[PDB]
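Colleague: Return atomic coordinates for the entry below.
(9 chains, ligands or ions: 6)
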Amino acid sequence: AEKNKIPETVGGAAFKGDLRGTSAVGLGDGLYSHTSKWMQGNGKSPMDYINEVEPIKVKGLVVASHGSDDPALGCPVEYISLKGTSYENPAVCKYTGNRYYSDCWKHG
Amino acid sequence: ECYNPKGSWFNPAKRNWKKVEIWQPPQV
Amino acid sequence: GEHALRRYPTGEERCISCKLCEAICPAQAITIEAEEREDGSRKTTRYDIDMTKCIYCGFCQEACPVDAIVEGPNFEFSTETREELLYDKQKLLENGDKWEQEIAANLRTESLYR
Amino acid sequence: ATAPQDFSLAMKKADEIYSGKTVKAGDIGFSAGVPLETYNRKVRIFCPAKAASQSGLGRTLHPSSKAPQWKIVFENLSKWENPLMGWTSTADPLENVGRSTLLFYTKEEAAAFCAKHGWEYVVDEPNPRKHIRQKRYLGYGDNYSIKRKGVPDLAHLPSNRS
Amino acid sequence: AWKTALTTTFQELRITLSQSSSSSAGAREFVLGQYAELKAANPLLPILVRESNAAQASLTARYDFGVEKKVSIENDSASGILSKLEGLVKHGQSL
Amino acid sequence: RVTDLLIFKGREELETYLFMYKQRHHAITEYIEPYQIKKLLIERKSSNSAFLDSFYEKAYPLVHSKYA
Amino acid sequence: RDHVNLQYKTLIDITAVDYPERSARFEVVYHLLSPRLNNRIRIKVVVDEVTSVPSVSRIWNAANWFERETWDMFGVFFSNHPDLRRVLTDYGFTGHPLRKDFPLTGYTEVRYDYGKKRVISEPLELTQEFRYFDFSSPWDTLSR
Amino acid sequence: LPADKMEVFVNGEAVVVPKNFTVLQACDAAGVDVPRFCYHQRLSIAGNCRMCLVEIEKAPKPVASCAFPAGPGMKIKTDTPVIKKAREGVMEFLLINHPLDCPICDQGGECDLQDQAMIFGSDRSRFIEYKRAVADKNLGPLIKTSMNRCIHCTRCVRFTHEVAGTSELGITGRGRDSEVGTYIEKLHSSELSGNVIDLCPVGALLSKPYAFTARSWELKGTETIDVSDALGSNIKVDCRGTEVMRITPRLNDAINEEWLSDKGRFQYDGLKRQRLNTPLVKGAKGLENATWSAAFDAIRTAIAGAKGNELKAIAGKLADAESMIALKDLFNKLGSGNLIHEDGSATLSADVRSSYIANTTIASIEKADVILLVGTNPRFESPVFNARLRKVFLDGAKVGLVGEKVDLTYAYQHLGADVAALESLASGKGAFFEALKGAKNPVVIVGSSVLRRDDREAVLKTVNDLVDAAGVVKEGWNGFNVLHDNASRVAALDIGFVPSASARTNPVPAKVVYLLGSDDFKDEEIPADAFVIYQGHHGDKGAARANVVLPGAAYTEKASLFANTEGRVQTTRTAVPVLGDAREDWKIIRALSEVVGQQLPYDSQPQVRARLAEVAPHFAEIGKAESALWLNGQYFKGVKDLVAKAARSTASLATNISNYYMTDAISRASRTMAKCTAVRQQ
Amino acid sequence: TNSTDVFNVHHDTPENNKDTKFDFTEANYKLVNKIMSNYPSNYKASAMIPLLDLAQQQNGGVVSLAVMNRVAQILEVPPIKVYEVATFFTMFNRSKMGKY
Ligand code: SF4
Ligand code: SF4
Ligand code: SF4
Ligand code: SF4
Ligand code: FES
Ligand SMILES: [Zn+2]
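Modeller: Numbers count the residues shown, from 1 in each chain, chains lettered A, B, ... in the order given. Ligands and ions are numbered 1, 2, ... in the order given. See the structure here:
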């Protein structure tokens, strides 16, 4: 099945039905998942870690994301739009993978 | 004898790092 | 000392596949290839370092913008075969997990200077 | 196009003062001492075209550019993957020398170098680049010209209507 | 007469000529005057007229089994072209 | 002039052996062994032309072959 | 060396630079010191592959090895040199490595063979090829 | 200063330029390079970024070079300190709200913004406030959006309006919170959609298939041509190791200005899938691995049985000139003239070059006054050609279509939908006929559909009648054009890869069929008891029906010759090495010729090129289009009886391209094209 | 303290979405014709703002997606132009509006 499926993105930091940018690594071996290509075990993947973390509520229409708590010990400062975000469909920090959502746009 | 590359003979699922999928002929 | 890929406290790898560390490597010891992950993140499908070609300059630790790659404090990593000295993403991540607290303390001390 | 007016001045002046003695084609290749099978390889003398991502004209043959832009490149040969680590393996000694270091100001210079060493070469001229805007949008004024929909019809005027 | 027999004889006929040249003037006259009649006599025969600025005028006939005979047609009048084509047909008969 | 350079380089090659810069194994490896191998070589006269043999061997003829 | 006002008693080094774009490819560079003048001077002789440069060993004894190295690396012949021999490269090396047309990795490789109990030279094979990263910008202006 | 030329002073140096240039054009002519972000040669002038500011002695304040007309005696200063300070200030304003996304941006090594920041900007910032934030929206399967990185140039909007003509993108908003994109959730529908990615300077629009896979410095670029269609678009294939990573266009004003169609841009994905690597010989267990010698032995045993016209060759869309001349020589030596092209226009005459090529060059169509399109949908057949037809429509050319109603980007007059309408138009009863006659530069474009019609002879005779009546072919202007949908068709016609007189006169059931990359053959072409040899690089319908499969290189892996619809001969380069036990196709055919006992004279690629030059002299002139003598009338006088023999069919002039994204084996293998097709079909 | 419209992109809502149908009433259509008469026939897009104001007044104060699509169809222009103009100006309200 996976041999003839179109590579797709789940949509956490992307959209539900988009193409996934893919290189040809693992195509001969027969591996078609991102984590399978570099991890050969059966342990929990870092993607499994990041999904387990829950979205965090913030006030405002923009949140400053430094990745870590200290600005100089993490990702570059990033400003994420909170417009059109809810718990089910949160905004994502591209560097860290943290998820955010706000109710301010609904005048709350 | 714990860590070896994924292309090693010891590796359970040995990897030939081919970047092209090859056509499989139809049966019979 | 010995190289180690690092993870965020959540368990997500810090690497974002900018590939600057591979461009700055004087010895060409780093080979990186990446992809879009299913969630949508920019993550590496391959990150291998040749420790028989590394010169331990630390330029890769200087170039990384997210502190993903660090040279850990371990100098007892001799091996009996050369194949074990060709590290890969899983091995580097395991080394980062093993030495996480010491590396974090060293980075907290070093942040003051730079 | 005017002049660099820097070290390149003395570079060009050293070029024009001095000259090289003529030798028969291919004789220098024997003096080089490299394997003679190197000269069996074929040569392409070309100038890279502009990358579509960027709009800078430095890499192109433009009066702005003052750097050597004509490369000698050899044909691509077999490449495979390392069975252990999937690295790209090669047996071509001349893989990157031509792209990296063989840069020439003029096509005749590269042709002379190839004929001096005995390499057979094919020169490819770049597709000419002419910075000519089309007649529809020749200038900023043409954006708001009557060409868009014609001269305004005045049959809607109340005097013409009545 | 002999114009009917090109199909039986030739598998293909090639007319190479220069687009604008003094040497190929006769070939151009030949192609713009007799090509229609030769095609009318031999409908299914491929008569290929191929031209380039630096091209050298020639008349090539391919016989069965890939045997090709090339005849130079440079600086020859249109009538001479026809005679040379007749000689090509006779040579094909000889095979 | 190129002839002069070639002669000077050949004189250098001779002087290396004469002055013991190169060793016995160098002389064995680079001159004597290939000549003896060539004498001891038995080959079947290939009915295939030169093109066919290289076509069967490899896609790019310019790449060398080892241990032929 | 011997002019009263200009006393360049020292030859710092002798060097060549390969310019393949030029007909006269090689520029042999001489670096001198005057202790009296506390000054440095640079002398350049532009030649090609076939022409030779007279040796200056009689003026400065230090030149001998520098000219031998220039002959080894670039292939510039020095006339009337007492004994012009290669210095740096391996015995039997015929190519001149610092020429811009010489491959960075070379043409041959060295390995020990078990069958023939000798260390032997073979044509080059690379497990991982040298990766040239083209960093040039179109917008740069300093490149001449 | 002859007439139109004027004189301008740039930095105190005299430059002679035409009067219609602007300040930026003269600065480029002077060798000075001005920083630009929104100005594009082939797009409407905008003037919004304000990075091109120079100094004119007459003007008090700096002016935008891109939109300022140059004047006689104007002095232009591009290095005054005020201009340097203005450049630095504009650069600061561009960077204050830009996201710090350089490591995660796929424009990292190829960004205009970074390079001009380094060259024409300060090394430090004074901004401490909150930056602007935008929410990205889907524009389709091929375009990824990071609108936060968007500097508000209007290149994407100007392209979508003037060139693409779908008019989907606009600047919605006012002030700093102004945003670019479709206001509704819409997906970019043009087949020229990929070009906005290249047009975007700051990576806000990026290629979704080529996402996070490589950096610019890692890639080796080889300049080759695109075989996706018969335009022969000039492209640059970027490769890392043995993998093609991305394909981007090159500048060639003759053919593709700088635009590439989406199919050509994103079909490299199908070069990694369903590939043939080894020779396969059929057995009771099916197609199985075999060596080159064993496959050649099987082909020899098969050919021994067949004789004469029982040997049949079908060439594919992607076959090159050298392989086709090789196969032609081999089969003529064996004694066969049954050489056909898969399209279905097998019997099209190759006699006169003017009959099957675009006699008006692609560049010269710019000067057309009236254009007639017969039975062609130029959008699907060649999107870049449709872009040029849009450009000429913008100038004011009047366009008429004699085929089915299709959604061409521009507006056109629908003359008719069936052959009878073209017959009436040729006879002279039409207002559009009086427009074609009146026009000084009339162009008639006939599509490949007319070539693939069972009644092609009389339709072509009617088209020639229209040519003669309206005088589209005259001295100094030949207005007859035929647009082709396949790369190998013009080359096959040029070399003479046409059925012989015997093959057409007496059809013979083929006993051995040779497929030269033909995966689109009609099923009746192979008698279903024939011995099929498939030579190609993907496994498809052709390979499935093969007793012997011979692996061959692709257009990215071989140095091969292709002829355009205009007949311009262009050549490919070997971007990546051949895969597995595959070989160059002409070498395969020559080796097979030696095996079967009919050895071919040539033994090297230059000898093959010399053979092509002998068969057709223009093949020696690589890169140059050769004019065709107008011999079309004499041909139709020759085929008088045949055109009368041709009957009438109950078919209407329409394109044969059902789906644009999949038309060849490479596209069918491509996953990206499949996603595009699924998006369109929902 | 943001105003009525916080979005510069279309926010799907049960009231405002693609299926919603808007058309001018016959008297409003006569007003449309009178509005258009003021501008030349070939340059018909000049009436975009008066028509959008008229549709806003008819539709109770909200410029919906159906309103924009209807105006674009009547003016024979790509809808993106009407989207841009409806988004640029302040008086155009693209969210539900009260009585006052
Ligand atoms: S320490 Fe230096 S040599 Fe080693 S991997 Fe890092 S950059 Fe490369
Ligand atoms: S380790 Fe750091 S520098 Fe290297 S690719 Fe990952 S993020 Fe970039
Ligand atoms: S567009 Fe350029 S400057 Fe902006 S984030 Fe991307 S690479 Fe960096
Ligand atoms: S997306 Fe790119 S091309 Fe379009 S306006 Fe933004 S920066 Fe310009
Ligand atoms: S390039 Fe002229 S203002 Fe942008
Ligand atoms: Zn963050």
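
Colleague: State which one residue of chain E is found closest to ligand 2.
Modeller: residue E:52 (54.1 Å; Cβ to the nearest ligand atom). Placement of C-beta: from N, CA and C, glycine included.

Colleague: and if you look at chain I?
Modeller: residue I:9 (32.2 Å).

Colleague: Give the other helices and strands that the helix or strand hosting residue H:515 contacts.
Modeller: Applying DSSP states H and E as the criterion places residue H:515 in strand H:512-516. Under the contact definition 3 or more Cβ pairs under 8 Å, 6 or more residues apart in numbering or on different chains; DSSP states H and E, strand H:512-516 sits against helix H:292-305, strand H:311-315, helix H:321-334, strand H:531-536.

Colleague: which residues in the stretch 401-550 of chain H form strands?
Modeller: H:413-414, H:442-446, H:473-474, H:477-478, H:480-482, H:512-516, H:531-536, H:548-551 (DSSP state E, counting those that start in this stretch).

Colleague: which stretch among these comes nearest residue A:75?
Modeller: Taking Cβ to Cβ, strand H:548-551 is the member of the strands of the stretch 401-550 of chain H nearest to residue A:75, at 47.5 Å.

Colleague: For that closest one, which helices and strands make contact with it?
Modeller: Secondary elements touching strand H:548-551 (3+ Cβ pairs under 8 Å, 6+ apart): strand H:280-283, helix H:292-305, strand H:531-536.

Colleague: Help me confirm that residue G:60 comes into contact with residue G:1.
Modeller: Yes: between residue G:60 and residue G:1 a contact is recorded at 7.3 Å, counting by Cβ atoms under 8 Å.

Colleague: of those two, who's got more company?
Modeller: Between residue G:60 and residue G:1, residue G:60 has the larger neighbour count (other Cβ atoms under 10 Å in any protein chain shown), namely 18 against 13.

Colleague: Let me know the helix or strand that the more buried one is in.
Modeller: Using DSSP H and E, residue G:60 falls outside every helix and strand.

Colleague: ok, now how distant is it from residue H:232?
Modeller: 64 Å (Cβ to Cβ, to the nearest Å).

Colleague: Likewise for residue H:322?
Modeller: For residue H:322 relative to residue H:232 (Cβ to Cβ), the value is 16 Å.

Colleague: Equivalent analysis for residue I:83, please.
Modeller: With distances taken as Cβ to Cβ, residue I:83 is found 39 Å from residue H:232.

Colleague: before we move on, what about residue H:473?
Modeller: Counting by Cβ to Cβ, the gap from residue H:473 to residue H:232 is 24 Å.

Colleague: okay, those two: which has more neighbours?
Modeller: Per other Cβ under 10 Å, whichever of residue H:473 and residue H:232 has more neighbours is residue H:232, with 26 against 20.

Colleague: For the more buried one, pull up the helix or strand it's in.
Modeller: Applying DSSP H and E, one finds residue H:232 in no helix or strand.

Colleague: What segments of chain A are helices?
Modeller: Assigned by DSSP state H, chain A shows helices spanning A:34-38, A:46-52.

Colleague: would you list these in JSON lines and tack on distance to residue H:376?
Modeller: Formatted as JSON lines, the helices of chain A follow (distance: least, Cβ to Cβ, whole Å):
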{"stretch": "helix A:34-38", "distance to residue H:376": "44"}
{"stretch": "helix A:46-52", "distance to residue H:376": "50"}
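
Colleague: so the residue in chain H that chain D sits nearest to, which of the three states?
Modeller: Per Cβ to the nearest Cβ, residue H:31 is where chain H lies closest to chain D, at 2.7 Å. Following DSSP: H, G, I helix; E, B strand; the rest coil, the label given to residue H:31 is coil.

Colleague: Would you agree it is in contact with residue D:4?
Modeller: No: using Cβ under 8 Å, residue H:31 makes no contact with residue D:4, being 10.5 Å away.

Colleague: out of those two, which sits in the more crowded spot?
Modeller: Set side by side, residue H:31 and residue D:4 show more neighbours around residue H:31, with 19 against 13, by other Cβ under 10 Å.

Colleague: Identify the residue spatially nearest to the more buried one, adjacent ones excluded.
Modeller: residue D:1 (2.7 Å; Cβ to Cβ, 6 or more residues apart in numbering or on different chains).

Colleague: what do you get for residue H:655?
Modeller: Residue H:655 sits nearest to residue H:377 (Cβ to Cβ, 6+ apart), 4.0 Å away.

Colleague: ok, now which ones touch the one you found?
Modeller: H:403, H:404, H:406, H:408, H:447, H:654, H:655, H:657 (Cβ atoms under 8 Å, 6 or more residues apart in numbering or on different chains).

Colleague: Contact partners for the residue of chain H most remote from its centre?
Modeller: Counting by Cα atoms, centre = their mean, the extreme residue of chain H relative to its mean C-alpha position is residue H:128, 48.1 Å from that point. By Cβ under 8 Å, 6+ apart, the contact list for residue H:128 is empty.

Colleague: again, but for the one 10 residues further on
Modeller: Listed by Cβ under 8 Å, 6+ apart, the contact partners of residue H:138 are A:15, A:18, H:145, H:185, H:187.
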